[PDB]
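A.B. asks: File name protein.tsv; file contents TSV, N, CA and C atoms; full text below.
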chain	number	residue	atom	x	y	z
A	1	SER	N	8.45	6.91	-7.99
A	1	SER	CA	8.68	7.16	-6.50
A	1	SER	C	7.89	6.21	-5.58
A	2	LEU	N	6.57	6.31	-5.63
A	2	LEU	CA	5.75	5.25	-5.07
A	2	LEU	C	6.03	3.96	-5.83
A	3	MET	N	6.28	4.06	-7.13
A	3	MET	CA	6.62	2.86	-7.89
A	3	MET	C	7.94	2.24	-7.41
A	4	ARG	N	8.89	3.06	-6.97
A	4	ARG	CA	10.14	2.54	-6.43
A	4	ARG	C	9.85	1.75	-5.17
A	5	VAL	N	8.95	2.24	-4.32
A	5	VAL	CA	8.58	1.52	-3.09
A	5	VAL	C	7.91	0.16	-3.39
A	6	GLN	N	7.02	0.19	-4.38
A	6	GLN	CA	6.27	-1.00	-4.74
A	6	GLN	C	7.23	-2.02	-5.34
A	7	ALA	N	8.22	-1.55	-6.11
A	7	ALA	CA	9.22	-2.44	-6.71
A	7	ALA	C	10.06	-3.15	-5.66
A	8	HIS	N	10.38	-2.46	-4.57
A	8	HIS	CA	11.14	-3.06	-3.48
A	8	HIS	C	10.31	-3.96	-2.58
A	9	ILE	N	9.00	-3.72	-2.53
A	9	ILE	CA	8.07	-4.58	-1.75
A	9	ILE	C	7.93	-5.93	-2.47
A	10	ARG	N	7.85	-5.88	-3.80
A	10	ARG	CA	7.81	-7.09	-4.60
A	10	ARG	C	9.17	-7.79	-4.53
A	11	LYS	N	10.26	-7.03	-4.49
A	11	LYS	CA	11.57	-7.64	-4.30
A	11	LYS	C	11.57	-8.40	-3.00
A	12	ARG	N	11.00	-7.80	-1.96
A	12	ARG	CA	11.01	-8.40	-0.63
A	12	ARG	C	10.19	-9.72	-0.54
A	13	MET	N	9.24	-9.91	-1.46
A	13	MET	CA	8.36	-11.08	-1.43
A	13	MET	C	9.12	-12.36	-1.71
A	14	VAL	N	10.15	-12.28	-2.55
A	14	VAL	CA	10.86	-13.47	-2.96
A	14	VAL	C	12.02	-13.77	-2.00
A	15	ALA	N	11.69	-14.53	-0.95
A	15	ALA	CA	12.66	-15.02	0.05
A	15	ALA	C	13.66	-13.95	0.52
B	1	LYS	N	22.59	-24.81	-12.36
B	1	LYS	CA	22.55	-23.80	-13.45
B	1	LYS	C	22.12	-22.42	-12.95
B	2	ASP	N	22.58	-21.38	-13.65
B	2	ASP	CA	22.23	-20.00	-13.32
B	2	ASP	C	20.75	-19.69	-13.56
B	3	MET	N	20.31	-18.51	-13.10
B	3	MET	CA	18.91	-18.11	-13.16
B	3	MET	C	18.42	-17.87	-14.60
B	4	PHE	N	19.33	-17.53	-15.52
B	4	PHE	CA	18.96	-17.28	-16.92
B	4	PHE	C	18.89	-18.55	-17.76
B	5	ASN	N	19.82	-19.48	-17.54
B	5	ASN	CA	19.89	-20.70	-18.33
B	5	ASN	C	18.94	-21.79	-17.84
B	6	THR	N	18.44	-21.64	-16.61
B	6	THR	CA	17.35	-22.48	-16.12
B	6	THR	C	16.10	-22.32	-17.00
B	7	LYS	N	15.73	-21.09	-17.35
B	7	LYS	CA	14.48	-20.85	-18.10
B	7	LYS	C	14.64	-20.38	-19.56
B	8	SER	N	15.86	-20.34	-20.09
B	8	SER	CA	16.09	-19.94	-21.50
B	8	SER	C	15.64	-20.98	-22.56
B	9	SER	N	15.22	-20.50	-23.73
B	9	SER	CA	14.71	-21.35	-24.83
B	9	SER	C	15.32	-20.98	-26.19
B	10	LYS	N	16.52	-17.34	-25.16
B	10	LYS	CA	15.77	-16.15	-24.79
B	10	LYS	C	14.94	-16.38	-23.53
B	11	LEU	N	14.78	-15.31	-22.75
B	11	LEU	CA	14.06	-15.36	-21.48
B	11	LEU	C	12.97	-14.30	-21.44
B	12	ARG	N	11.79	-14.68	-20.95
B	12	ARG	CA	10.65	-13.77	-20.89
B	12	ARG	C	10.91	-12.65	-19.89
B	13	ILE	N	10.61	-11.41	-20.30
B	13	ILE	CA	10.81	-10.21	-19.47
B	13	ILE	C	10.30	-10.45	-18.06
B	14	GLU	N	9.11	-11.03	-17.95
B	14	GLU	CA	8.48	-11.25	-16.65
B	14	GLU	C	9.36	-12.10	-15.74
B	15	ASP	N	10.08	-13.06	-16.33
B	15	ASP	CA	10.96	-13.95	-15.57
B	15	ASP	C	12.28	-13.28	-15.26
B	16	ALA	N	12.76	-12.48	-16.20
B	16	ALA	CA	13.93	-11.66	-15.95
B	16	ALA	C	13.71	-10.82	-14.70
B	17	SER	N	12.51	-10.24	-14.60
B	17	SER	CA	12.17	-9.40	-13.46
B	17	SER	C	12.26	-10.18	-12.16
B	18	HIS	N	11.77	-11.42	-12.16
B	18	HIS	CA	11.78	-12.23	-10.96
B	18	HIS	C	13.21	-12.49	-10.56
B	19	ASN	N	14.05	-12.82	-11.54
B	19	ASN	CA	15.47	-13.06	-11.29
B	19	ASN	C	16.12	-11.82	-10.69
B	20	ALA	N	15.76	-10.64	-11.20
B	20	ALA	CA	16.30	-9.37	-10.70
B	20	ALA	C	16.01	-9.19	-9.22
B	21	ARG	N	14.83	-9.62	-8.80
B	21	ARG	CA	14.44	-9.53	-7.40
B	21	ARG	C	15.20	-10.51	-6.54
B	22	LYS	N	15.43	-11.71	-7.07
B	22	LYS	CA	16.19	-12.71	-6.34
B	22	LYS	C	17.63	-12.21	-6.18
B	23	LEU	N	18.09	-11.40	-7.14
B	23	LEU	CA	19.44	-10.80	-7.05
B	23	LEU	C	19.45	-9.53	-6.20
B	24	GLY	N	18.29	-9.15	-5.66
B	24	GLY	CA	18.19	-8.01	-4.75
B	24	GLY	C	17.96	-6.69	-5.44
B	25	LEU	N	17.44	-6.73	-6.66
B	25	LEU	CA	17.06	-5.51	-7.37
B	25	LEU	C	15.54	-5.35	-7.38
B	26	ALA	N	15.09	-4.19	-7.84
B	26	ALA	CA	13.70	-3.80	-7.76
B	26	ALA	C	13.21	-3.19	-9.08
B	27	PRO	N	12.91	-4.04	-10.08
B	27	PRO	CA	12.32	-3.57	-11.33
B	27	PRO	C	10.87	-3.08	-11.16
B	28	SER	N	10.52	-2.00	-11.85
B	28	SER	CA	9.15	-1.51	-11.90
B	28	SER	C	8.56	-1.76	-13.30
B	29	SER	N	7.28	-1.43	-13.50
B	29	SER	CA	6.70	-1.51	-14.84
B	29	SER	C	7.38	-0.59	-15.87
B	30	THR	N	7.99	0.51	-15.40
B	30	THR	CA	8.73	1.40	-16.29
B	30	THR	C	9.95	0.72	-16.94
B	31	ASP	N	10.68	-0.05	-16.16
B	31	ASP	CA	11.85	-0.80	-16.66
B	31	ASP	C	11.44	-1.92	-17.62
B	32	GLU	N	10.33	-2.57	-17.31
B	32	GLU	CA	9.83	-3.63	-18.16
B	32	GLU	C	9.45	-3.06	-19.52
B	33	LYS	N	8.81	-1.90	-19.50
B	33	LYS	CA	8.41	-1.24	-20.72
B	33	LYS	C	9.63	-0.80	-21.52
B	34	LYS	N	10.63	-0.22	-20.84
B	34	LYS	CA	11.86	0.19	-21.54
B	34	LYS	C	12.53	-0.99	-22.26
B	35	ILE	N	12.72	-2.09	-21.54
B	35	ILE	CA	13.38	-3.27	-22.09
B	35	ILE	C	12.52	-3.91	-23.18
B	36	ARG	N	11.21	-3.93	-22.99
B	36	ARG	CA	10.31	-4.38	-24.05
B	36	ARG	C	10.39	-3.54	-25.35
B	37	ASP	N	10.48	-2.22	-25.19
B	37	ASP	CA	10.33	-1.31	-26.32
B	37	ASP	C	11.48	-1.35	-27.27
B	38	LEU	N	12.61	-1.90	-26.83
B	38	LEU	CA	13.72	-2.07	-27.76
B	38	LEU	C	14.11	-3.53	-28.06
B	39	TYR	N	13.70	-4.50	-27.23
B	39	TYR	CA	14.05	-5.91	-27.49
B	39	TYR	C	12.88	-6.89	-27.56
B	40	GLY	N	11.68	-6.41	-27.28
B	40	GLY	CA	10.49	-7.23	-27.46
B	40	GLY	C	10.16	-7.97	-26.19
B	41	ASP	N	9.34	-9.00	-26.32
B	41	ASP	CA	8.82	-9.72	-25.16
B	41	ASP	C	9.86	-10.64	-24.51
B	42	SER	N	10.93	-10.96	-25.25
B	42	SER	CA	11.96	-11.89	-24.77
B	42	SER	C	13.39	-11.39	-25.07
B	43	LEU	N	14.28	-11.62	-24.11
B	43	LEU	CA	15.64	-11.08	-24.13
B	43	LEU	C	16.67	-12.20	-24.33
B	44	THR	N	17.70	-11.90	-25.13
B	44	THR	CA	18.92	-12.70	-25.17
B	44	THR	C	19.72	-12.48	-23.90
B	45	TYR	N	20.75	-13.30	-23.71
B	45	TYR	CA	21.61	-13.16	-22.55
B	45	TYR	C	22.10	-11.73	-22.44
B	46	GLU	N	22.69	-11.22	-23.52
B	46	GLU	CA	23.24	-9.88	-23.52
B	46	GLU	C	22.17	-8.82	-23.22
B	47	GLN	N	20.98	-8.99	-23.80
B	47	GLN	CA	19.87	-8.07	-23.52
B	47	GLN	C	19.42	-8.13	-22.07
B	48	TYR	N	19.45	-9.33	-21.51
B	48	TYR	CA	19.04	-9.58	-20.14
B	48	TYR	C	20.00	-8.97	-19.13
B	49	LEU	N	21.29	-8.99	-19.45
B	49	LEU	CA	22.29	-8.32	-18.62
B	49	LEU	C	22.17	-6.79	-18.68
B	50	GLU	N	21.83	-6.23	-19.83
B	50	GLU	CA	21.49	-4.81	-19.90
B	50	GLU	C	20.31	-4.53	-18.98
B	51	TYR	N	19.28	-5.38	-19.05
B	51	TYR	CA	18.11	-5.20	-18.22
B	51	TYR	C	18.49	-5.16	-16.73
B	52	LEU	N	19.33	-6.08	-16.28
B	52	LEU	CA	19.74	-6.09	-14.86
B	52	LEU	C	20.46	-4.80	-14.51
B	53	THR	N	21.37	-4.35	-15.38
B	53	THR	CA	21.99	-3.03	-15.17
B	53	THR	C	20.90	-1.94	-15.07
B	54	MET	N	19.94	-1.96	-15.98
B	54	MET	CA	18.78	-1.05	-15.94
B	54	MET	C	18.05	-1.08	-14.61
B	55	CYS	N	18.04	-2.23	-13.95
B	55	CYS	CA	17.29	-2.41	-12.71
B	55	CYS	C	18.08	-2.09	-11.44
B	56	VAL	N	19.31	-1.64	-11.59
B	56	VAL	CA	20.14	-1.31	-10.43
B	56	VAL	C	19.57	-0.10	-9.66
B	57	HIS	N	19.12	0.92	-10.39
B	57	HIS	CA	18.53	2.08	-9.77
B	57	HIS	C	19.37	2.58	-8.63
B	58	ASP	N	20.56	3.13	-8.93
B	58	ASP	CA	21.46	3.56	-7.90
B	58	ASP	C	21.02	4.87	-7.26
B	59	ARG	N	19.94	5.46	-7.78
B	59	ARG	CA	19.35	6.65	-7.17
B	59	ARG	C	18.28	6.29	-6.14
B	60	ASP	N	18.05	5.00	-5.91
B	60	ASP	CA	17.13	4.59	-4.86
B	60	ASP	C	17.72	4.93	-3.49
B	61	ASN	N	16.95	5.65	-2.68
B	61	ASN	CA	17.29	5.88	-1.29
B	61	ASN	C	16.06	6.33	-0.53
B	62	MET	N	16.16	6.37	0.79
B	62	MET	CA	15.02	6.69	1.64
B	62	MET	C	14.31	7.97	1.22
B	63	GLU	N	15.05	9.01	0.92
B	63	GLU	CA	14.43	10.32	0.67
B	63	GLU	C	13.71	10.37	-0.67
B	64	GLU	N	14.15	9.55	-1.62
B	64	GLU	CA	13.45	9.43	-2.92
B	64	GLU	C	12.20	8.56	-2.75
B	65	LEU	N	12.33	7.48	-1.98
B	65	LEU	CA	11.21	6.56	-1.77
B	65	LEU	C	10.01	7.17	-1.05
B	66	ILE	N	10.25	8.06	-0.10
B	66	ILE	CA	9.18	8.58	0.76
B	66	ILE	C	8.31	9.65	0.11
B	67	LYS	N	8.68	10.15	-1.06
B	67	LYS	CA	8.08	11.38	-1.59
B	67	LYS	C	6.55	11.32	-1.61
B	68	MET	N	5.98	10.23	-2.10
B	68	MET	CA	4.52	10.13	-2.19
B	68	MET	C	3.88	10.09	-0.81
B	69	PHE	N	4.50	9.38	0.13
B	69	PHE	CA	3.97	9.31	1.50
B	69	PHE	C	4.02	10.67	2.18
B	70	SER	N	5.07	11.46	1.90
B	70	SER	CA	5.17	12.79	2.50
B	70	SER	C	4.00	13.63	2.09
B	71	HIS	N	3.55	13.45	0.85
B	71	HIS	CA	2.42	14.22	0.36
B	71	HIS	C	1.22	14.04	1.25
B	72	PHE	N	1.03	12.84	1.78
B	72	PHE	CA	-0.13	12.55	2.62
B	72	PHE	C	0.08	12.92	4.09
B	73	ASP	N	1.32	13.13	4.50
B	73	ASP	CA	1.63	13.56	5.86
B	73	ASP	C	1.68	15.10	5.94
B	74	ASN	N	0.51	15.71	6.18
B	74	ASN	CA	0.34	17.18	6.12
B	74	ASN	C	1.30	17.98	7.00
B	75	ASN	N	1.27	17.69	8.30
B	75	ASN	CA	2.10	18.40	9.27
B	75	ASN	C	3.52	17.84	9.34
B	76	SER	N	3.91	17.07	8.33
B	76	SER	CA	5.24	16.46	8.26
B	76	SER	C	5.64	15.86	9.60
B	77	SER	N	4.70	15.15	10.22
B	77	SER	CA	4.92	14.53	11.52
B	77	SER	C	5.86	13.35	11.42
B	78	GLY	N	5.86	12.70	10.26
B	78	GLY	CA	6.69	11.52	10.05
B	78	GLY	C	5.98	10.17	10.03
B	79	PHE	N	4.72	10.10	10.46
B	79	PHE	CA	4.00	8.81	10.51
B	79	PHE	C	2.79	8.81	9.58
B	80	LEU	N	2.39	7.62	9.14
B	80	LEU	CA	1.08	7.38	8.54
B	80	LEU	C	0.53	6.07	9.12
B	81	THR	N	-0.79	5.91	9.11
B	81	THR	CA	-1.40	4.67	9.59
B	81	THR	C	-1.27	3.57	8.53
B	82	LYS	N	-1.37	2.30	8.95
B	82	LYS	CA	-1.30	1.17	8.02
B	82	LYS	C	-2.30	1.30	6.90
B	83	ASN	N	-3.52	1.65	7.28
B	83	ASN	CA	-4.61	1.70	6.34
B	83	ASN	C	-4.42	2.81	5.33
B	84	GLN	N	-3.95	3.97	5.79
B	84	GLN	CA	-3.49	5.01	4.86
B	84	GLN	C	-2.48	4.48	3.86
B	85	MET	N	-1.45	3.81	4.35
B	85	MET	CA	-0.38	3.36	3.46
B	85	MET	C	-0.89	2.27	2.53
B	86	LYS	N	-1.75	1.41	3.05
B	86	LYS	CA	-2.40	0.42	2.21
B	86	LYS	C	-3.18	1.05	1.04
B	87	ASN	N	-3.97	2.09	1.31
B	87	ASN	CA	-4.79	2.70	0.26
B	87	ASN	C	-3.92	3.34	-0.80
B	88	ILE	N	-2.82	3.94	-0.34
B	88	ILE	CA	-1.87	4.60	-1.23
B	88	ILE	C	-1.22	3.54	-2.10
B	89	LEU	N	-0.77	2.46	-1.48
B	89	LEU	CA	-0.02	1.43	-2.20
B	89	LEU	C	-0.85	0.60	-3.16
B	90	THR	N	-2.17	0.62	-2.99
B	90	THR	CA	-3.08	-0.21	-3.74
B	90	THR	C	-3.93	0.60	-4.73
B	91	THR	N	-3.75	1.92	-4.76
B	91	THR	CA	-4.50	2.78	-5.68
B	91	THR	C	-3.61	3.44	-6.74
B	92	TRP	N	-2.43	3.92	-6.33
B	92	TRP	CA	-1.52	4.59	-7.25
B	92	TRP	C	-0.37	3.71	-7.65
B	93	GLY	N	0.39	4.13	-8.66
B	93	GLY	CA	1.57	3.40	-9.11
B	93	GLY	C	1.34	2.02	-9.68
B	94	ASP	N	2.34	1.15	-9.56
B	94	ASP	CA	2.17	-0.26	-9.86
B	94	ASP	C	1.47	-0.89	-8.66
B	95	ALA	N	0.14	-0.76	-8.60
B	95	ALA	CA	-0.62	-1.03	-7.39
B	95	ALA	C	-0.46	-2.45	-6.91
B	96	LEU	N	-0.19	-2.60	-5.62
B	96	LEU	CA	-0.23	-3.90	-4.96
B	96	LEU	C	-1.67	-4.33	-4.70
B	97	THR	N	-1.89	-5.61	-4.46
B	97	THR	CA	-3.17	-6.06	-3.88
B	97	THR	C	-3.21	-5.61	-2.43
B	98	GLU	N	-4.40	-5.57	-1.85
B	98	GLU	CA	-4.52	-5.28	-0.43
B	98	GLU	C	-3.62	-6.21	0.37
B	99	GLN	N	-3.69	-7.49	0.06
B	99	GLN	CA	-2.95	-8.51	0.81
B	99	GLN	C	-1.44	-8.24	0.79
B	100	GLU	N	-0.92	-7.95	-0.40
B	100	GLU	CA	0.50	-7.68	-0.57
B	100	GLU	C	0.91	-6.46	0.23
B	101	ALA	N	0.03	-5.47	0.28
B	101	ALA	CA	0.38	-4.23	0.96
B	101	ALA	C	0.38	-4.47	2.46
B	102	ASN	N	-0.71	-5.03	2.97
B	102	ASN	CA	-0.82	-5.40	4.39
B	102	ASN	C	0.30	-6.30	4.88
B	103	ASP	N	0.69	-7.27	4.06
B	103	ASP	CA	1.79	-8.17	4.42
B	103	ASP	C	3.09	-7.39	4.62
B	104	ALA	N	3.37	-6.43	3.75
B	104	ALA	CA	4.56	-5.60	3.90
B	104	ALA	C	4.48	-4.74	5.17
B	105	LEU	N	3.30	-4.20	5.44
B	105	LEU	CA	3.13	-3.30	6.58
B	105	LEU	C	3.18	-4.07	7.91
B	106	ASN	N	2.57	-5.26	7.93
B	106	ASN	CA	2.58	-6.13	9.12
B	106	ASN	C	3.97	-6.69	9.45
B	107	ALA	N	4.76	-6.99	8.42
B	107	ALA	CA	6.12	-7.50	8.60
B	107	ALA	C	6.99	-6.41	9.24
B	108	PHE	N	6.82	-5.18	8.78
B	108	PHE	CA	7.62	-4.09	9.31
B	108	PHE	C	7.22	-3.68	10.73
B	109	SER	N	5.93	-3.64	11.03
B	109	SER	CA	5.50	-3.22	12.35
B	109	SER	C	4.22	-3.90	12.78
B	110	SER	N	4.06	-3.98	14.10
B	110	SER	CA	2.84	-4.46	14.72
B	110	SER	C	1.97	-3.31	15.22
B	111	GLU	N	2.46	-2.08	15.11
B	111	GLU	CA	1.67	-0.90	15.47
B	111	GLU	C	0.99	-0.35	14.24
B	112	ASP	N	-0.11	0.37	14.47
B	112	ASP	CA	-0.86	0.98	13.40
B	112	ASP	C	-0.18	2.24	12.84
B	113	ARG	N	0.37	3.04	13.75
B	113	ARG	CA	1.05	4.27	13.39
B	113	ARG	C	2.45	3.91	12.92
B	114	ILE	N	2.71	4.11	11.62
B	114	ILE	CA	3.96	3.68	11.00
B	114	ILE	C	4.87	4.82	10.56
B	115	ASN	N	6.13	4.77	11.02
B	115	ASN	CA	7.15	5.70	10.55
B	115	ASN	C	7.53	5.32	9.14
B	116	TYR	N	7.03	6.06	8.17
B	116	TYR	CA	7.22	5.66	6.77
B	116	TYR	C	8.66	5.85	6.28
B	117	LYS	N	9.45	6.69	6.94
B	117	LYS	CA	10.86	6.83	6.55
B	117	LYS	C	11.58	5.51	6.88
B	118	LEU	N	11.35	5.00	8.08
B	118	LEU	CA	11.98	3.75	8.54
B	118	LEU	C	11.48	2.56	7.77
B	119	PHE	N	10.22	2.60	7.36
B	119	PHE	CA	9.67	1.56	6.50
B	119	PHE	C	10.33	1.60	5.11
B	120	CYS	N	10.50	2.79	4.56
B	120	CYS	CA	11.19	2.89	3.29
B	120	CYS	C	12.67	2.51	3.43
B	121	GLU	N	13.30	2.85	4.55
B	121	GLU	CA	14.69	2.49	4.73
B	121	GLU	C	14.83	0.98	4.79
B	122	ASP	N	13.88	0.32	5.46
B	122	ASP	CA	13.96	-1.12	5.67
B	122	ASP	C	13.73	-1.88	4.38
B	123	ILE	N	12.75	-1.50	3.55
B	123	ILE	CA	12.48	-2.29	2.34
B	123	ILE	C	13.60	-2.22	1.30
B	124	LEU	N	14.55	-1.30	1.48
B	124	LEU	CA	15.70	-1.17	0.54
B	124	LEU	C	16.74	-2.28	0.65
B	125	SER	N	16.80	-2.94	1.79
B	125	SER	CA	17.82	-3.97	2.04
B	125	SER	C	17.39	-5.34	1.52
With the file now loaded, output its structure as structure tokens.
C.D. replies:
Amino acid sequence: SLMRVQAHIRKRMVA
Amino acid sequence: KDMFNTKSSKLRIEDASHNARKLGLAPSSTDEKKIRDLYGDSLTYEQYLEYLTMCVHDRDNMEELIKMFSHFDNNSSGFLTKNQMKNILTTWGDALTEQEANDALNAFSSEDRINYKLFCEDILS
């Protein structure tokens, strides 16, 4: 759940 | 060349994950462990496509994403401060660095008081 948020934040890092 | 054949020799899980993000998906350490536990440290093309399917997470949505933040919002007001969200994001789960967390929070808002539902809605796109 928090891990889902963190996964999308890392997704957002790459352009 | 495609994202898989650029780095193939088999492709390292860690690189598969990066490709997944460039394709707009969001792998966690749980998915990496799942794909590792049956195919090892490196994936064939076919294994790598299973991994991308694994990373679709079609149950991702705002209400699932906010659950941990809601726990910290006692009166269910809807907001948390940047620093609150930073501590949460950098202590639990697949913890971000402070910098990574702050960068996400600063990109979304210039105010300290953050609507975490809207922040979770925004990071999904």
A.B. asks: For chain B, work out the contacting residues on chain A at 6 Å, counting all atoms listed in the file, and write them as an NGL selection string.
C.D. replies: :A and (1-3 or 5 or 7-8 or 11)
A.B. asks: List the spatial neighbours of residue 79 of chain B as a list in words - criterion: any atom at most 8 Å away, all atoms listed in the file, same-chain residues fewer than 4 positions off excluded.
C.D. replies: residues 69, 72, 73, 75, 112, 113, 114, 115, 116 and 117 of chain B
A.B. asks: Determine which residues of segment 41-86 of chain B receive a DSSP assignment of alpha helix (DSSP H), computed from the backbone, and state them as a list in words.
C.D. replies: residues 45, 46, 47, 48, 49, 50, 51, 52, 53, 54, 62, 63, 64, 65, 67, 68, 69, 70, 71, 72, 82, 83, 84, 85 and 86 of chain B
A.B. asks: Give, as lines of an AutoDock Vina configuration file, the centre coordinates and the x, y and z edge lengths in Å to one decimal for an axis-aligned box around all listed atoms of segment 112-117 of chain B, padded by 5 Å on each side.
C.D. replies:
center_x = 5.4
center_y = 3.6
center_z = 10.4
size_x = 22.4
size_y = 16.5
size_z = 18.2
A.B. asks: Calculate how many Å separate atom CA of residue 39 of chain B from atom C of residue 6 of chain A, rounding to one decimal.
C.D. replies: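 Those two atoms sit 23.5 Å apart.
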A.B. asks: Report as a list in words all protein, DNA and RNA residues lying within 8 Å of residue 31 of chain B, evaluated on only C-alpha atoms, omitting residues in the same chain fewer than 4 positions from it.
C.D. replies: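 Result of the neighbour search: residues 27, 35, 51, 54 and 55 of chain B.
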A.B. asks: Go ahead and compute the interatomic distance for atom CA of residue 99 of chain B and atom N of residue 76 of chain B, in Å to one decimal.
C.D. replies: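 Value for the atom CA of residue 99 of chain B-atom N of residue 76 of chain B distance: 27.5 Å.
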A.B. asks: Between atom C of residue 53 of chain B and atom N of residue 97 of chain B, what distance in Å does the model show, to one decimal?
C.D. replies: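 Between atom C of residue 53 of chain B and atom N of residue 97 of chain B the gap is 25.4 Å.
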A.B. asks: Write down as a list in words the residues of chain B whose backbone DSSP state falls under strand (DSSP E).
C.D. replies: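 Strand (DSSP E) assignments inside chain B correspond to residues 11, 12, 42, 43, 79, 80, 81, 113, 114 and 115 of chain B.
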